[PDB]
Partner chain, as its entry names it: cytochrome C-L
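Just the one chain here, the form deposited without its partner chain, laid out as structure tokens.
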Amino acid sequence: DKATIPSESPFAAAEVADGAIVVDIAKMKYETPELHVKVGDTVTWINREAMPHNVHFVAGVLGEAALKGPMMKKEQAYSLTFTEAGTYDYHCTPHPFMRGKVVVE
């Protein structure tokens, strides 16, 4: 697979790891829609607004199956550790106009 999941469950914004690479979600958008990270980095999305959001990678992008992340409520977070270089597009399942990509270098 090309990413591992530290926590299957969302967790609190206060529990995000030190020196985490954070992408905020607010105003119905991923605030950093094109993020560039290195192989081995963990990206953490944090939902800053009341409307629930997730990240969803379709089948074949991070692995054989789709990775449909859990819905994050306000001030909840979710992390993925990327293990292989490439460009990985994602969207928000209930709000597919919200699109972003992670470029792992």
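Here the rigid core means the biggest group of C-alpha atoms that line up within 1.5 Å when the two forms are laid on top of each other. Positions refer to the first chain, counted from 1. Shifts are known only where both forms have a C-alpha.
Below: the form deposited with its partner chain bound, not depicted.
Is it the case that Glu64, even though its partner is missing from this view, gets within 4.5 Å of its partner chain in the deposited bound form, heavy atoms only?
Contact with its partner chain, no.
Answer with yes or no whether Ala26 is in contact with its partner chain in the deposited bound form, where contact means some heavy atom within 4.5 Å.
So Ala26 counts as contacting its partner chain.
Once you overlay the rigid core, does the Cα of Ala17 travel 2 Å or further between the shown form and the other one?
Shift at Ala17: 2 Å or more after core fit.
Once the core is lined up, would you list the consecutive runs of at least three residues whose Cα atoms each shift 2 Å or more between the shown form and the other one?
Shifted segment: 17 to 19, the only one.
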